[PDB]
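Residue strings, one per chain:
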Amino acid sequence: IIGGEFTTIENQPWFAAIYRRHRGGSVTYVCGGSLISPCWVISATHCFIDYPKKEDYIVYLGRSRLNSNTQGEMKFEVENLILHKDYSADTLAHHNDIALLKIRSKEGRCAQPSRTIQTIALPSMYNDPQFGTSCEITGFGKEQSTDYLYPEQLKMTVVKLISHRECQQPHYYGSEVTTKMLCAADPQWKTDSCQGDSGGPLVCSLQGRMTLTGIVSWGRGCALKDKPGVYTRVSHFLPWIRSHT
Ligand SMILES: NCc1ccc(I)cc1
C-alpha cells in the first residue's frame, strides 16, 4: 500500500496472509486474501499460477505483522487450491483473476472466529457502489514502487471507484479493462495498492454492510497518474464462487 496508514488485523479481520514454502525450507510472503467462510479464503489466481501446488502454501488469519507471530493468529495448510479456469494474462491485464483456498489446520480445523478473525460478506450479484464511492484496500505490499522490502506492519488506505467509461479511456487502460474488473484510485494518485497487495480485499459499504467488492489484481506501476488500481469485480463471479465452495 502506497500512502495510507498502518493498521492491525482488528480493522480488517477477514484479511488472510498467504506465504509459500520454498524447496530449501524458507518461507516468503505471496499475496493477500479474504476469509469468506470459515474454510474458504478468496484471492487472485496470478498469485499462484507459477507454483500451483497446494502443499507449497501456508495461510494465516489474525496476523497483523509480516514476520512476527501476532497473538491469537491461526495457521493453515491449503486443502484445495482452486484457480479460475479462464485465467489469462497479457503484458498488463489479468482476466478472471480470482482463486479460492480451502484452509485446514494440522488439527483438521477451519477458521474459528475471534476479535481478530471474522468473515467478510460477498456482494449481491451485479450490485456495486456508484463511481466516486470511497472504498478501502488492505495489504502487506510495497509502500513505494522502488522499495525492495515489504512493510512489516499491515496497511490500509482509501481509494475511490472509477467508472468503466473513465477507466477505458486510452490514456487510462483502454480495452485492457473489462466489465469483470473495477478500477479505483485516489484523486491525486497519491495512494494505491502495489506489489504484494494482490489478492487482498477492496471493501466498500453497501446498504450498511462491509462487502468484498473487489480483489486486488493489476495495474501499470502504483500511485501513478492516469493508471488506477484494477480489481476483480467480485459481484460478477458469484456463481463461480458458490459452485467451487
Ligand atoms: N496499483 C494496482 C496494482 C499494481 C501492481 C500490482 I502486482 C497489483 C496491483
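Residues numbered from 1 in each chain as written, not as in the entry; some residues may be left out. Heavy atoms only, no water.

- Its PDB header names X-ray crystallography as the technique used to obtain the model and reports a resolution of 1.45 Å.

### A short note on the environment of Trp-189
So, point 1. Tracing the sequence through the fold places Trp-189 in the loop between β12 (181-185) and β13 (201-206).
So, point 2. When its relative accessible area of 15% is taken as the criterion, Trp-189 is described as buried.
So, point 3. In this structure, the C-alpha to C-alpha distance between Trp-189 and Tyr-51, residues 138 residues apart in sequence, is 33 Å. (Helix = DSSP H or I, 4+ residues; strand = E, 2+ residues; numbered from the N terminus. Buried < 20%, exposed > 50% of the residue type's maximum accessible area, 1.4 Å probe, protein only.)

### Concerning the state of the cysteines
So, point 1. Inspection of every chain in the model, using the stated rule, returns five disulfides.
So, point 2. For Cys-135, the disulfide goes to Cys-204, at an S-S distance of 2.0 Å. Because the torsion about its S-S bond is 105°, the bridge between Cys-135 and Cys-204 counts as right-handed. In this pair, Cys-135 sits in strand β10 (residues 134-139) while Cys-204 sits in strand β13, placing the two residues 69 residues apart along the sequence.
So, point 3. For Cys-167, the disulfide goes to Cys-183, at an S-S distance of 2.0 Å. Disulfide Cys-167-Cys-183: torsion about the S-S bond near -85°, hence left-handed. One end of the pair, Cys-167, is in helix α1 (residues 164-167); the other, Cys-183, is in strand β12, and 16 residues separate them in sequence.
So, point 4. Numbered by order of appearance in the sequence, the disulfide-linked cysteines of the chain pair as 1-3, 2-4, 5-9, 6-7, 8-10. (Disulfide = S-S within 2.5 Å.)

### Regarding the site of the ligand
So, point 1. Around the ligand sit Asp-192, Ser-193, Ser-198, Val-216, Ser-217, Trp-218, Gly-219, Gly-221 and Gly-229, and that is every residue in its neighbourhood.
So, point 2. Between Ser-193 and the ligand, the recorded distance is 2.7 Å, taken from a backbone N or O atom to a nitrogen atom.
So, point 3. Across the complex, the protein chains shield 84% of the 310 Å² of accessible surface that the ligand would expose by itself.
So, point 4. Top element by residues in the shell around the ligand is strand β14 (residues 209-218). It accounts for three residues. (Near = heavy atom within 4 Å. Polar contact = N/O pair within 3.5 Å; in protein donor to acceptor, adjacent residues only side chain to side chain. Areas by Shrake-Rupley, 256 points an atom, 1.4 Å probe, with all protein chains shown as cover.)

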